[PDB]
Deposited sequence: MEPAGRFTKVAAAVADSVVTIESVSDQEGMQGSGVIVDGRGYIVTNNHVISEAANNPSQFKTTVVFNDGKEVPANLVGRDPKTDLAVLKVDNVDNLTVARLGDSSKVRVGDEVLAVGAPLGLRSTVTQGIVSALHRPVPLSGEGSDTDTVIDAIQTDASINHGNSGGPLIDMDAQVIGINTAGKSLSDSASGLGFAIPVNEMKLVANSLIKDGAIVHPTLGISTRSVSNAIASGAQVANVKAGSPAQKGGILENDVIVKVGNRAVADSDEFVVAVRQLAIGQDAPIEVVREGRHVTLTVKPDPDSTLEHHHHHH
């Protein structure tokens, strides 16, 4: 008499894998998901951060549901979305995950946070979608930049045992990628965008303006702290001590929503920025730079 969650959890187990990064004096472990039949595996950047920054000493292996251990190769990584793509070579009959549409997720939707069964402290957790489009800060594992993602929030527990693993709907479809770096997942639609750039280019380009913001709230937005010289920000008129209240068509409540709002902008296209300057409401215009010009 198989249970509702038991059936769903069982159908996706083959699509989830353990990811192990070992050296002479360390080991790191995480979960990941088969998204392409050629052998493409998606996980968090923090899971493999160390192996990516110290590749001469770290070896990465993928452990499958059937105990099979296969060497893995890093295709690309995005510390800004906490995403990374691995590739295993010539592995026959993989079970590829059924990818969903995160736009069609609603608050109250029941979900599972699936970790790879063959993990040391692997965990499968149950809950509901508690919030959508929730900006969340994440700490950088090693030399990596701290970031903020527009996440799906869930009351299912996300921990070391399911981080990098899939967030799954009641149709066994991946609606997100668990990140434990009170549960938070990166939406599947964003992962589809970042994974495609990483498979094809080995990298991804994000917009930049040159602004360090602090959050402000009184009678609410992102307070400009530092503006870099020769930034699109300085060349747009943005001064220090301004309160950013809207980036593009997106209103901003704080420093967290500012970071997410800037990454929604188009590189090289003029974009409006609304700021409160010493009481007056000022609208300026900025053209975003690529974070990495040579890959752009």
### Task
Return the ranges of the deposited sequence not covered by C-alpha coordinates, sorted by sequence position.
1-2, 184-192, 231-232, 310-314
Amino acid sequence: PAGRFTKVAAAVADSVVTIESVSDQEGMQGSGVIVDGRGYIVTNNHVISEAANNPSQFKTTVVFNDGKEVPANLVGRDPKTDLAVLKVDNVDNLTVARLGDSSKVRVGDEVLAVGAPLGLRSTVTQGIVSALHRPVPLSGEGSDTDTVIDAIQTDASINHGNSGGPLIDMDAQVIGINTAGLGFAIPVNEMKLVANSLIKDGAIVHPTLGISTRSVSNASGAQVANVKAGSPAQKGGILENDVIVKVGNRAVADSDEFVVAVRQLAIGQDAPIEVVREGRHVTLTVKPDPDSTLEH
From here on, numbers count along this sequence of modelled residues.
### Query
Where do the C-alpha atoms have the higher mean temperature factor in this entry, in 202-210 or in 107-115?
202-210
### Mean C-alpha B-factor comparison - 121-129 and 139-147, higher one
139-147
#### Entry: Selection by C-alpha B-factor (highest) of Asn196, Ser102, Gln173, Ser217
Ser217
### Message
According to the Cα B-factor stored in this entry, which of the following is highest: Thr95, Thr179, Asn189, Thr81?
### Response
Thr95
### Query
Comparing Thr283 with the other modelled residues of its chain, is its CA B-factor in the lowest, middle or highest third?
highest
### Query
Based on the entry's values, in what third of the chain does the Cα temperature factor of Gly183 lie: lowest, middle or highest?
lowest
### Task
Ordered by C-alpha B-factor within the chain, which third holds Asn90? Give me lowest, middle or highest, please.
highest
### Task
Could you look up the Cα B-factor of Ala11 in the entry and say which third of the chain it sits in: lowest, middle or highest?
middle
### Task
Going by the recorded CA B-factors, say which third of the chain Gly236 sits in, lowest, middle or highest.
highest
